[PDB]
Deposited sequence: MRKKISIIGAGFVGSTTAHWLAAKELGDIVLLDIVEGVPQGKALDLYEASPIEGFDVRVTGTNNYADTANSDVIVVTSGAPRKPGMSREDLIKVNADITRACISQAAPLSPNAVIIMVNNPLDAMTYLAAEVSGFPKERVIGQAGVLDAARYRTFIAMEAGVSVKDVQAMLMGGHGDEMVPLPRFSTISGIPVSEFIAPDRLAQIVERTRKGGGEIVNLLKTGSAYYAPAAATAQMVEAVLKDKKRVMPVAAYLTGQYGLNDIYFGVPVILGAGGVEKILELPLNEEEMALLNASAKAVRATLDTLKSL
């Protein structure tokens, strides 16, 4: 069977195992540095299988050797201090897991997302197409959710593309969002759409402020699981993913959220959308912020 290793069995990691288990895509290995945590969550989820009817081997471990020969490696072990702390963790996870699964596609979740994905590429030495980051699917999901709510339509009929990174680094593109092929601008007035775009930018913080302790995990995990499925089933999904750029949108040597075709080979194509002056202004300012974070990381 296919093999998926999730490094970091916290809220996002365990929830990702939950979403994946129900899909019955393959074996799942939950790894963490804390003893008992992954073993307990994995066994708990495994014991729910007879009820849900899925046949999935879900195991927990503290030994990287158990992640060997994985088809996909999901990294959810993350916690300038933020960059340093996460850089050290990401470094540790990738330097230990990558060598054991040379043919795997690595999907980063740790924040700062774009920067941590860049670091994972460096440490793993994997072809850039096989090291990607999850950020855009979650952000587009919030946007799509708000649009469906406001427009009064099924979430299954709303599509949307966006780029960049989190919050201020986010590059919203309402022009590239539709409901059953019809522009979203036809359903929602400019003023309200602007509010929705703003709510999207602050989407992660909105959850953090409500939970008081901890950040979002159901949607982030769902986003991550969808990307894992895309690779495993070679589905050719068109989605915004953190990818390594070599000229697209005028950006070079940097991980940035862009539209891609995701399949068995990881990033199989980076789409280059013809953005107008206003949208490019947004992307340039975003790339500036992402670049700044990337530089801070390189100076560590």
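When the deposited sequence is numbered from 1, the segments without any C-alpha atom are 1, 81-88.
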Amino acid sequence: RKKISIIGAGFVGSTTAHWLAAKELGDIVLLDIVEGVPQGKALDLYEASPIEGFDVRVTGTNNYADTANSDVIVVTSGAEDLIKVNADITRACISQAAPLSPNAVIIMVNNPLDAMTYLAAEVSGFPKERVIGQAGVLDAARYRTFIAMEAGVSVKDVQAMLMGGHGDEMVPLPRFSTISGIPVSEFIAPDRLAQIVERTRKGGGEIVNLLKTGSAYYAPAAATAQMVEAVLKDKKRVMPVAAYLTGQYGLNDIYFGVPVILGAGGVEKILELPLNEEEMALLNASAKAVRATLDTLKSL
From here on, numbers count along this sequence of modelled residues.
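For the two regions 270-278 and 236-244, the entry's Cα B-factors average higher over 270-278. Per the PDB record, of the two stretches 119-127 and 225-233, 119-127 carries the greater mean B-factor over its C-alpha atoms. The PDB entry assigns its highest CA temperature factor, among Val184, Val153, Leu100, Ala140, to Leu100.
Of the candidates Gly214, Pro174, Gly133, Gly203, the PDB record gives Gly214 the highest C-alpha temperature factor.
Compared with the other modelled residues of the chain, the Cα B-factor recorded for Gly26 ranks in the middle third. Among all modelled residues in this chain, the alpha-carbon of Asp81 has a temperature factor (C-alpha) in the highest third. Per-chain ranking of the deposited C-alpha B factor places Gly257 in the lowest third.
In the PDB entry, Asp157 places in the lowest third of its chain by CA B-factor. Among the modelled residues of its chain, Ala292 has a C-alpha B-factor that falls in the highest third, as given in the PDB entry.
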